[PDB]
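One structure below.
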Amino acid sequence: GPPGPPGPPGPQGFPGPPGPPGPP
Amino acid sequence: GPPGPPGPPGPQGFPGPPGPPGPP
Amino acid sequence: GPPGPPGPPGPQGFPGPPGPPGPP
C-alpha cells in the first residue's frame, strides 16, 4: 500500500573540532 | 506497504574542546 | 507501510573556543 511516514531523525553529528591556539 | 522516506538528518554535534594554550 | 529508516548523522559541531592565553 502507501509508503510509511518518514523515518526518525538520524544520529547526532560528531563533536566539533578543537578551537585554535589561545592568544599569545 | 513499503518503508517510508529516510528521516531527517540528526542534530548537530556538540561544540569542540578549547584549543591548546597560546604560543609564547 | 512502516516508518522510514533513520535519517543520516547530523552535521559536525561547531569549532571549540580559542585555548588559554599562552606564556609571556
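Letters A, B, ... go to the chains of the C-alpha cells in the order shown; residues in each chain start at 1; ligands are counted from 1 in the same order.
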
As a compact mmCIF listing (two decimals) with C-alpha atoms, in the first residue's frame, please: chain B after a least-squares superposition onto chain A using all C-alpha atoms matched in order.
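part31.txt written:
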```txt
# COMPACT_ATOMS: atom_id res chain seq x y z
CA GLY B 1 -0.40 0.23 0.12
CA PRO B 2 1.35 3.59 0.49
CA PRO B 3 4.83 4.26 1.87
CA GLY B 4 4.80 4.70 5.68
CA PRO B 5 5.65 7.87 7.63
CA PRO B 6 9.12 9.39 7.32
CA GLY B 7 11.70 7.82 9.62
CA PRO B 8 13.22 9.37 12.74
CA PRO B 9 15.79 12.16 12.48
CA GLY B 10 19.29 10.64 12.17
CA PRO B 11 21.96 10.41 14.86
CA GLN B 12 23.67 13.55 16.04
CA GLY B 13 26.90 14.46 14.28
CA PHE B 14 30.27 13.97 15.89
CA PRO B 15 31.85 16.72 18.03
CA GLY B 16 33.71 19.53 16.26
CA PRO B 17 37.49 19.86 16.17
CA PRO B 18 39.48 21.59 18.92
CA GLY B 19 39.60 25.40 18.55
CA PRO B 20 42.69 27.32 17.50
CA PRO B 21 45.58 28.03 19.88
CA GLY B 22 44.75 30.70 22.50
CA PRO B 23 45.77 34.34 22.05
CA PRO B 24 49.00 35.43 23.49
```
